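Chains as they are written, first to last, in PDB author numbering: chain C, 2 to 318; chain A, 2 to 318; chain B, 2 to 318; chain D, 2 to 318; chain N, 2 to 318; chain M, 2 to 318.
All residues carry an ideal CB built from backbone N, CA and C; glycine is no exception.
What follows is a short report on a single structure.
Protein chains: 6
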Amino acid sequence: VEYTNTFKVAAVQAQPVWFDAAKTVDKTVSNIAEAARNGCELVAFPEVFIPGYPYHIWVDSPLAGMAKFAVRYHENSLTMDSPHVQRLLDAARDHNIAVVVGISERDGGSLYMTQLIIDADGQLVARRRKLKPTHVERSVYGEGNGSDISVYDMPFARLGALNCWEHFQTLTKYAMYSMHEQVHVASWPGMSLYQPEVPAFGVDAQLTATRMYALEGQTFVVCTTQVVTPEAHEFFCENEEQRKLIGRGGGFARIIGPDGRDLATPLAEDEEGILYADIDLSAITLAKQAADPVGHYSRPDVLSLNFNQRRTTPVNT
Amino acid sequence: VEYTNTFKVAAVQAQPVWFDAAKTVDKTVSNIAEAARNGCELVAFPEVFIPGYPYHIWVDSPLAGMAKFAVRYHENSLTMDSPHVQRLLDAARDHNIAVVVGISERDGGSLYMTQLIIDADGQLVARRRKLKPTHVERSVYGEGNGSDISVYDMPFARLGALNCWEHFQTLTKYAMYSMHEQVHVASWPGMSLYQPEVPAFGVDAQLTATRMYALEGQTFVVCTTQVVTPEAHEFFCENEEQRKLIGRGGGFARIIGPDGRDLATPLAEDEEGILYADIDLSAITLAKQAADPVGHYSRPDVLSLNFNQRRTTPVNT
Amino acid sequence: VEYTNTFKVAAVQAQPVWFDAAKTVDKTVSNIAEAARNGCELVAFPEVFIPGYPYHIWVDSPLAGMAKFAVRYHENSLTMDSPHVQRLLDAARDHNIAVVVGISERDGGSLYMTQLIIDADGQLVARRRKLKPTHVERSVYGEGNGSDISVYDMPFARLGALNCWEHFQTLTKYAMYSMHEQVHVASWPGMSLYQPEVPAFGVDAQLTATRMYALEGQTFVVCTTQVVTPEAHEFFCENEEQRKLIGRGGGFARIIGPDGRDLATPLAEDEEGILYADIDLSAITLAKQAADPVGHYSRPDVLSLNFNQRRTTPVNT
Amino acid sequence: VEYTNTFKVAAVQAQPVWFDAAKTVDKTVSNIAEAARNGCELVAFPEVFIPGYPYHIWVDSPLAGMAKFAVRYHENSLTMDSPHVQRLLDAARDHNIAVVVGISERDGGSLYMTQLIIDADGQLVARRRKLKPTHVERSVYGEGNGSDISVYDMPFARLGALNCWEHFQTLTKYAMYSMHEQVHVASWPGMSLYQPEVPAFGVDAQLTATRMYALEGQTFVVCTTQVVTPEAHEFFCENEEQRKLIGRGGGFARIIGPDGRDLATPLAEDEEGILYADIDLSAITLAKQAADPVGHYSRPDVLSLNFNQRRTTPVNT
Amino acid sequence: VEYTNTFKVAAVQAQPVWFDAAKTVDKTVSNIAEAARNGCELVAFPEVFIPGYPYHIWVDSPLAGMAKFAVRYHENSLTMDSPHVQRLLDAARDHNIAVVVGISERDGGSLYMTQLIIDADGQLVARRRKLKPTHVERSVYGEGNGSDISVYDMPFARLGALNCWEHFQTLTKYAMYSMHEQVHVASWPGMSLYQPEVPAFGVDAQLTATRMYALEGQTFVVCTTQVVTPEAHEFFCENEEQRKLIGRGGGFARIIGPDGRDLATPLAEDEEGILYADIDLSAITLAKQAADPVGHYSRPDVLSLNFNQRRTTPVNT
Amino acid sequence: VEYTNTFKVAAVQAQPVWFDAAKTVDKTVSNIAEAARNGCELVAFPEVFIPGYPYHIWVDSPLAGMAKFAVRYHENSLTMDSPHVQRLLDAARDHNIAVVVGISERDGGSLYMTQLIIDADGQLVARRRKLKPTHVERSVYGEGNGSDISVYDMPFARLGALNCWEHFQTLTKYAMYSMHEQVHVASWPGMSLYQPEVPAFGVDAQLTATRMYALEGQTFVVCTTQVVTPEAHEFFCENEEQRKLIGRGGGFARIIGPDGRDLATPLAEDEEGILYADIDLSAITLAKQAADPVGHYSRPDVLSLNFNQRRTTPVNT
Ligand SMILES: *C(=O)c1ccccc1
Ligand SMILES: *C(=O)c1ccccc1
Ligand SMILES: *C(=O)c1ccccc1
Ligand SMILES: *C(=O)c1ccccc1
Ligand SMILES: *C(=O)c1ccccc1
Ligand SMILES: *C(=O)c1ccccc1
């Protein structure tokens with residue numbers, strides 16, 4: 002609606018205390034506090050940050066993952082009513098900073114790749130779930146609804162957020178453009194899997210996905226990712242073959258403007274930290290002169306989108 | 002909600018003092034005391050245990066049952082205000098064991114196939130009536146309503162209870178799954194009726210029902226049953242033909258894990274006793290990796306449940 | 002509708018030519034001919050029989066499967082208009098036998114766990130896709146929609162077909178009962194994975210699922226299964242460890258009546274053959290005297306089903 | 002439909018004889034001949050190559066362009082029945098190479114950014130117009146229909162072609178994926194305008210667009226571009242200010258596989274020539290494992306596309 | 002199709018020998034000769050020139066016109082096979098000039114406002130009849146046809162011709178633009194009728210109609226008109242009132258470019274003569290940069306034309 | 002429908018406070034108040050009046066306009082929910098005068114040339130968008146659809162509105178006539194562009210368009226226009242060359258009757274003010290006698306119009 006505001010955002014390139022919600026929530030709050038001390042109005046965290054990404058489903062067969070990690074991973078997922086979530090809400094309230102942290106929500110016995118949009122006032126704006134996990138990731142997590150695709154009118158800007166390979170979903174992109182994002186939080190895990198063999202998993206592939214999202218939709222993208230450090234190897238890997246599967250590093254946190262140019266100097270693929278940038282929403286009205294997929298540069302008489310935002314439930318009562 | 006607690010349960014395979022509430026209540030209390038002595042904190046009892054299952058409706062014409070047993074059976078049914086129910090509550094309190102005993106509740110002139118949920122504190126947690134009695138039981142008993150399908154958050158686990166051939170209701174099972182129960186008490190009568198001719202009434206058929214319930218809903222099932230012993234024959238059977246109808250034995254008390262495997266060595270179809278097993282709720286988070294009907298196998302865009310959990314009464318004041 | 006007809010049906014317990022469409026189509030046509038000679042009006046084949054079940058997703062990590070089997074499996078999957086499908090239709094026409102063969106349908110670059118239902122006249126009655134794959138099966142197959150849950154009024158009976166753990170989904174089962182299914186074809190793969198340590202995958206668990214389907218819906222279940230033979234070991238696994246993951250045998254094809262009692266002598270778990278039985282629909286009426294989940298023995302005022310059969314498409318046009 | 006074929010393709014990074022159809026058609030045929038000598042089954046050329054891109058619309062005001070280049074550009078555009086188009090068809094026939102050349106088609110008194118798709122047999126497979134021009138291009142070109150969004154089944158593969166910022170049209174991309182495009186020709190002009198000021202027009206931005214197209218759709222993208230050679234400066238520019246607006250070079254022709262990795266060594270931005278690669282469609286089925294926007298990785302119950310392929314004309318008669 | 006030719010045209014503002022075909026054909030041939038001497042490739046003549054426009058329908062009541070002028074005007078109308086038409090064809094052949102002359106064609110007992118189009122070779126290129134006579138001409142003239150709206154590809158340009166208020170036909174004009182005119186001959190009568198009272202009949206109104214035709218379709222409009230000379234008063238008018246009904250002059254012939262600017266200095270409203278101009282078709286491609294109602298500046302998805310070009314005749318054989 | 006009402010209208014030849022919504026809305030409200038003091042039932046305002054016309058797209062190259070004016074023009078465009086639009090509604094309600102003011106709508110990140118139709122009751126009758134902008138306007142504005150071509154039954158007459166060079170649209174004209182207009186508001190910008198070089202952009206050409214519209218459709222036309230005064234020169238022009246590109250003046254506000262006669266004395270091309278006239282709808286009934294393009298003087302058996310008036314949306318939900 003309005004493209005005037007100017008503010009500062011933070012993107013977090015960090016690893017979690019693997020499959021330890023209590024330790025990772027402490028790490029998250031410290032990262033929240035650090036960014037707030039820098040005057041940031043929004044801080045974003047990687048995907049499924051709190052318990053950590055379940056790399057065990059990529060490094061070994063399903064039985065190996067199930068036997069050793071499934072119970073531990075499930076036990077460390079956060080229920081929306083858990084105290085850990087309240088700690089994140091309190092942390093955002095105390096430091097007066099909006100937080101977009103990706104958790105592994107637990108609902109009964111199923112897990113979801115949830116993103117918590119926490120306002121600076123400490124309110125939970127939304128807890129959207131990933132519409133569809135990726136490849137073997139579908140054996141761990143369930144699916145979301147069309148209500149999980151939304152854009153929230155935060156006081157500083159209209160905020161949206163998608164998980165990992167939801168940036169390869171062409172129609173999910175358009176639904177988000179149609180709601181007029183101007184700040185997008187893209188959460189990824191450490192994209193160091195199968196690096197020699199599958200280029201699609203390489204940091205290069207996911208940088209085009211994130212850069213194109215900003216370039217295609219004329220939005221600022223706040224890219225946050227995890228890092229596969231040696232601590233990760235001591236957790237998942239059991240031999241040399243598995244260590245090759247999840248290479249080192251894989252973190253590519255970025256801040257990208259509507260023109261696709263990075264607004265913050267990227268960190269190393271293995272280094273952790275936070276990077277900051279100044280967001281001026283007037284930089285979008287400049288980028289929307291050329292292209293606007295949902296506006297002047299669209300042909301609804303030829304191509305249109307059917308978007309269903311109903312919140313379907315297994316039991317409707 | 003939480004899948005960490007560990008505890009011990011007991012499944013009762015016993016016969017009652019046929020159509021004798023006072024005598025059977027004593028037998029139940031002794032069984033309650035015996036189970037508590039074994040460290041268990043949940044003892045389940047067969048279906049319509051207190052007065053006993055009314056087999057007379059199966060082994061004779063309706064007039065034979067009405068003329069000889071109806072008044073006796075009705076007179077021995079338990080009203081919720083009767084002293085007998087208080088004895089069961091006191092037994093649970095004194096021995097600090099949760100009791101799930103199926104009784105023949107009496108309300109005015111009608112009977113219901115009630116199940117009493119009693120906690121270690123001696124309070125009546127719930128009193129659920131069978132939603133739909135089996136085809137001939139509908140002459141003896143009334144019908145429950147939506148409020149009778151519920152899952153109760155006991156201190157040790159989320160407990161549910163269903164009666165005979167309520168495990169054949171696809172929608173009732175889904176309602177119970179949707180409420181996230183992890184300990185189920187399946188009350189049965191002696192399933193020896195019409196055994197040669199009607200395979201659906203064999204303990205083999207009812208074992209799949211209980212086993213599938215655990216597998217389908219990833220639940221710990223505590224199956225309890227009545228036994229048709231010779232004492233039963235001297236009560237119901239008046240000739241050789243009726244003895245063939247009522248069969249003999251029929252007890253199949255089990256304790257089934259979320260994977261469908263029995264956690265206790267089953268007794269004989271004619272023997273009596275109490276089973277014991279150790280319940281580790283973490284075993285469910287293993288089972289829910291593979292299946293989760295209300296979680297990640299749900300397709301609410303395709304199939305949903307309308308659950309009307311409102312209690313309806315003949316007079317609404 | 003009508004429960005008077007009588008006919009003969011066959012359940013195939015066959016192991017395919019692993020990842021070879023042309024070879025397995027020949028094997029299927031040979032099986033079709035054999036059943037027709039025995040006078041069977043319906044022959045059913047295992048799940049994803051034509052190319053064969055992709056056990057490689059269970060034995061090793063995704064990368065091992067993707068690099069070794071993915072392309073071979075994708076290239077051996079049947080397109081609907083492919084000559085292989087036509088050969089199956091021709092075989093059904095020539096031998097005048099209705100066929101229910103589970104193929105790995107290919108649509109573009111995606112695979113679906115389709116079940117082809119072919120009538121005696123050689124027409125493709127149905128092309129249902131699995132509503133949702135199970136665990137890592139989701140990494141290799143897409144999922145169908147509500148139009149895939151249906152029963153088809155064949156000349157001999159009202160036939161429905163589910164495959165694999167679709168029998169663990171209560172809502173899908175009820176939808177099938179609501180459509181008055183009376184002959185059911187339950188396609189399975191060789192259920193021998195993870196036998197010592199994951200009993201939920203053991204043939205014992207999958208036999209209760211199919212048996213309970215007959216009991217709940219009062220239908221004839223023509224259960225068909227693949228077999229994990231030594232040829233499978235030479236194809237998939239290359240270690241002693243992987244040979245344990247993909248166990249031996251796993252076939253449990255059976256014919257189950259509405260009373261839950263088998264109508265054919267079971268083969269061995271490692272034996273490969275065909276089962277036969279005589280179906281008398283009047284047996285269904287006997288079963289429905291006691292239970293009928295969608296009829297006299299239901300509470301639509303308490304529990305109902307929302308069934309959406311819309312045929313969703315990525316592009317509507 | 003089939004992902005087995007293998008072939009060789011050529012991408013042209015060429016310089017047009019500005020606003021001279023006859024000479025540029027000669028240069029095209031020589032480029033066509035060179036590719037055929039190397040055994041390429043497909044050679045692609047930049048967008049509006051034959052007359053050349055109208056850079057005058059970007060450098061000066063509309064009146065300056067209209068009074069100087071409009072008539073020259075309009076008179077050098079090819080009608081469909083022109084001798085120049087016949088020469089392109091003859092060259093494709095003679096050299097047995099499929100050609101995808103961008104021309105500025107003339108229809109009456111209007112121009113369109115057309116792409117001619119010519120098979121090895123010398124037939125005009127398709128003549129698609131750009132769905133919507135970009136920014137000030139709309140002052141020199143008209144729009145196409147939904148009939149111009151199509152994928153053509155060439156003998157070697159299913160070929161589709163978009164040009165310029167039709168790769169930023171996210172709904173247009175999905176329509177292409179829905180038709181199972183597997184070889185894509187991306188025609189661009191020399192992307193060197195406003196380089197210091199507008200980064201969205203830089204080759205870096207347009208490489209993420211083409212690379213993301215391959216990743217999203219799992220297709221081979223044959224990116225072909227023009228080059229802003231000093232000859233262009235002598236043609237359009239009249240002073241130093243205009244020479245800055247239309248920067249030098251700007252060519253980024255590339256061949257990239259479904260994994261997003263380049264299959265050919267890129268030339269220099271100012272360099273001119275052709276580059277080659279070997280296309281194996283089996284590489285697509287590897288990419289389809291992880292992502293498939295229109296298949297297994299889609300939620301048609303949530304997001305769908307309305308695609309209108311009607312061929313609308315100003316006069317129906 | 003081609004916009005490069007250059008040529009010279011003549012617009013005749015002449016008076017007919019009122020209701021005298023033989024003498025008016027002589028006057029036409031002299032005007033044809035004069036234009037050819039000046040090197041004109043096309044000479045156009047007013048509407049219904051050869052017998053002259055029937056002003057008697059306007060001055061007095063129908064009975065007065067019928068009794069005094071109907072038979073004389075009908076007898077002086079030209080048949081297609083008449084010697085007069087042959088003389089016009091011979092004159093065009095001898096002088097090698099294309100002639101567009103308006104006549105009152107006679108077909109049996111009916112008249113039509115025809116426009117003969119004659120090429121330099123003397124052949125009758127076309128014989129088009131007015132689609133609908135304006136207001137009261139409908140009493141003396143019949144309707145035209147859908148085949149009478151056409152554009153003819155003369156050697157010098159694509160020529161079209163419409164009569165009088167046929168320029169107020171929004172749809173007829175569009176049909177002509179769709180056929181890509183670049184030279185239009187607009188034949189008018191002396192527009193001096195009812196001048197004080199009905200301003201819509203003044204030359205001011207008819208000059209905007211012709212000018213806007215050039216502007217909309219970017220065509221050269223060769224406007225030709227008659228003149229109400231005092232000789233006309235001596236023919237039609239018998240009172241002072243009638244001489245007021247048809248004013249004086251009424252001629253407004255001129256040549257208009259696609260920009261709407263006159264290419265020849267207009268004569269006086271009462272003067273007679275010929276107007277000459279040089280037509281450069283390149284002036285159109287310059288005019289079509291801004292507007293093109295049939296090309297880049299049309300919305301066929303919103304508005305389109307149904308053009309029925311069939312030749313309907315009373316007897317179809 | 003009814004051709005009897007008589008009322009008074011006002012046409013505005015004004016100048017907006019260039020690219021300032023707040024000050025230009027104040028100027029509009031004063032103009033609205035002034036007209037109502039004269040008893041005018043309708044006041045019309047120029048095209049894209051509220052922020053003003055974006056002349057920067059014509060004077061300089063696209064980069065110069067984008068860098069210097071794009072953000073300013075975008076930021077000063079009115080959102081339909083903005084307070085500025087409410088002020089226009091309040092002004093119409095307060096002064097009880099219908100207002101037809103051309104604004105620059107800002108829907109998300111795109112701009113549209115909209116006509117706001119406001120009734121005397123302060124309600125927003127319609128907000129039609131321009132169907133297709135002209136030449137480089139397409140670089141700054143989007144397109145409307147068929148829902149934007151409509152005639153509104155205002156209490157005083159049937160009113161329609163079209164923007165600059167929608168009066169050169171032959172089919173748009175006919176659609177408007179078919180809906181029985183009798184008051185038309187033609188909004189123009191200051192047509193002082195490229196006056197020496199492009200005659201089509203001069204007020205002479207645009208007066209024929211509006212005048213022909215009245216004559217062709219027999220409707221009252223209320224032409225309103227902006228003025229390029231020295232204030233505009235100090236805003237857009239940066240040197241002498243750019244100062245000639247947008248010449249002084251350009252205002253040609255008129256009120257034209259059904260016969261093409263001007264009902265109000267025109268102002269000077271540089272003068273700024275309002276001009277009034279008295280509208281008698283009976284004057285149309287007199288003009289319909291001669292011509293009626295959609296009625297008695299049409300031939301739908303030959304030429305008819307296809308009008309798709311559906312309201313297309315990028316997301317149809
Ligand atoms: C998406 O989140 C993803 C994660 C790991 C590999 C591929 C995709
Ligand atoms: C269930 O209670 C039941 C009892 C007797 C026969 C069948 C079912
Ligand atoms: C179903 O096909 C299935 C396969 C493997 C394990 C469980 C279920
Ligand atoms: C596309 O052709 C284009 C040209 C110039 C700038 C952006 C896109
Ligand atoms: C058209 O020919 C016409 C003639 C006279 C008056 C009006 C129109
Ligand atoms: C119409 O809006 C227009 C504007 C500028 C030049 C020509 C037409």
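Exercise for the section: Taking only heavy atoms of ligand 3 into account, decide whether any of them is closer than 7 Å to the Cβ of B:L208. Expected result: Here residue 208 of chain B is taken as the residue at index 207 of the third sequence, counted from 1. At a threshold of 7 Å, B:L208 does not count as near ligand 3, since its beta carbon sits no closer than that to any of the ligand's heavy atoms.
Exercise for the section: Would you identify the three-state DSSP class for residue 319 of chain A, choosing helix, strand or coil? Expected result: Residue 319 of chain A is absent from the model: chain A starts at 2 and stops at 318.
Problem - Within 8 Å of chain B by C-beta, residues of the segment 195 to 216 of chain C in sequence order - result: Only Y195, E198 and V199 from the segment 195 to 216 of chain C bring a Cβ to less than 8 Å from some Cβ of chain B.
Exercise for the section: On a CA-only basis, which of N:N97, N:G145 and N:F70 is nearest N:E106? Give me that one, please. Expected result: In the fifth sequence, residue 106 of chain N corresponds to position 105, counting from 1. Answer by Cα proximity: N:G145.
Exercise for the section: With a threshold of 7 Å, establish whether the CB of M:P190 neighbours any heavy atom of ligand 6. Expected result: Residue numbering aside, residue 190 of chain M sits at position 189 when the sixth sequence is read from its first letter. The closest heavy atom of ligand 6 lies less than 7 Å from the beta carbon of M:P190.
Practice task
Look at the alpha carbon of A:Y54 and the alpha carbon of A:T266, and state the distance between them as a whole number of angstroms.
Solution key: By one-based count along the second sequence, residue 54 of chain A stands at place 53. By one-based count along the second sequence, residue 266 of chain A stands at place 265. Looking at the two C-alpha atoms, the distance is approximately 25 Å.
Problem - the segment 96 to 116 of chain B touching the segment 19 to 39 of chain B, judged by at least three CB pairs closer than 8 Å - result: By the criterion of at least three beta-carbon pairs nearer than 8 Å, the segment 96 to 116 of chain B is in contact with the segment 19 to 39 of chain B.
Exercise for the section: Compare the C-beta of B:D61 with all C-beta atoms of chain C and state if any pair is closer than 8 Å. Expected result: For this step, residue 61 of chain B is matched to residue 60 along the third sequence. The C-beta of B:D61 comes closer than 8 Å to at least one C-beta of chain C.
Handout entry: Those residues which DSSP pairs with M:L276 across a bridge
Key = Numbered from 1 along the sixth sequence, position 275 holds the residue referred to as residue 276 of chain M. Note: M:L276 is bridge-paired with M:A12 in the DSSP secondary-structure output.
Practice task
Report yes if the CB atom of M:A92 is closer than 8 Å to the CB atom of M:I275, and no otherwise.
Solution key: Taking the first residue of the sixth sequence as 1, we reach residue 92 of chain M at position 91. Taking the first residue of the sixth sequence as 1, we reach residue 275 of chain M at position 274. Their beta carbons are not under 8 Å apart, which means M:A92 does not touch M:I275 by this criterion.
Problem - Close-in-space but distant-in-sequence residues of the same chain around N:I58 (CB under 7 Å, 5 per side omitted) - result: On the fifth sequence, residue 58 of chain N is found 57 positions in, with the first residue counted as 1. Sequence-distant partners of N:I58 (beyond 5 residues in either direction) whose C-beta falls short of 7 Å from its own C-beta, in its chain, are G66, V137, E138, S140 and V141.
Problem - Cβ contact (3+ pairs, closer than 8 Å) linking the segment 3 to 18 of chain D and the segment 200 to 213 of chain B - result: Judged by Cβ distances under 8 Å, the segment 3 to 18 of chain D makes no contact with the segment 200 to 213 of chain B, as fewer than three pairs qualify.
Handout entry: Residue range of the beta strand (DSSP E) that includes A:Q116
Key = As a first step, residue 116 of chain A must be located in the second sequence, where it is residue number 115. Counting along the chain, the beta strand (DSSP E) containing A:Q116 begins and ends at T115 to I119.
Exercise for the section: Answer with yes or no whether the minimum CB distance from C:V2 to chain M is below 8 Å. Expected result: Translated into positions along the first sequence, residue 2 of chain C becomes position 1. Cβ-Cβ to chain M under 8 Å: yes for C:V2.
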